[PDB]
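Here we start with a single chain on its own, the form deposited without dimethylallyl S-thiolodiphosphate, put down as structure tokens.
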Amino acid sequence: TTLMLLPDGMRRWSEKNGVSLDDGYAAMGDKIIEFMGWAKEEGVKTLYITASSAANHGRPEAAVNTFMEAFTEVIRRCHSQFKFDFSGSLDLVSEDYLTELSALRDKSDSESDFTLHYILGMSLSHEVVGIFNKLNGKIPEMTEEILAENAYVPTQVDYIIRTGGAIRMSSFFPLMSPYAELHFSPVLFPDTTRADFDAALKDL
């Protein structure tokens, strides 16, 4: 099975705990690793994390770097513990981060039982517009299987967990996984315990 995580609520968390937004994302960083561990402990093979929506990259580069850094620093630490890849609207990321995450991808465990995959710049519009502008004129007929091999999410998602209390998919719907089960948790992702995570998987 494969699982997609929508880690949300890190700003609210920071304000709740009277801490800085950078510390909020640091808290997020820690639990992605801890969350990854739980995933390994219940049979997940691929864990997608929506690192960013396309619109989050239209913010000033200051605020964009802080979340790009916390997501990249997770990989800097445990890139031996899994196979790591990224995808998404990479034309909105900065050379600095695609170079470093390309680096960390080749470095990581090329034959583990587990892969951690970041989606960046997620937006269905962007995803589809991009795919079109890059196949346009080069193919006779577009098929589904060609669409699957170009979508931002290359596999089929079995389960999607969205934290932070919003009951909406935002820019993060996986274009080729219609049947994904949705689970919405009101807890801010830095406060996520395994109690709500096992609670999430008690859904059949």
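Position 1 is the first residue in the sequence shown; the rest follow in order.
Another form, the form solved in complex with dimethylallyl S-thiolodiphosphate, is not on view; read the next lines as being about it.
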property	result
Contact residue in the entry with it bound, chosen from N65, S170, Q156, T143 - any heavy atom within 4.5 Å of dimethylallyl S-thiolodiphosphate	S170
Interface membership of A51, dimethylallyl S-thiolodiphosphate in the entry with it bound, 4.5 Å heavy atom rule	yes
Exercise: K45 in contact with dimethylallyl S-thiolodiphosphate in the entry with it bound, heavy atom 4.5 Å	no
Close approach of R12 to dimethylallyl S-thiolodiphosphate in the entry with it bound, 4.5 Å, heavy atom	yes
Distance check, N56 to dimethylallyl S-thiolodiphosphate in the entry with it bound, heavy atom within 4.5 Å	yes
Partner-facing stretch of 83-91, 67-75, 129-137, 104-112, counted where any non-hydrogen atom is within 4.5 angstroms of dimethylallyl S-thiolodiphosphate in the entry with it bound	67-75
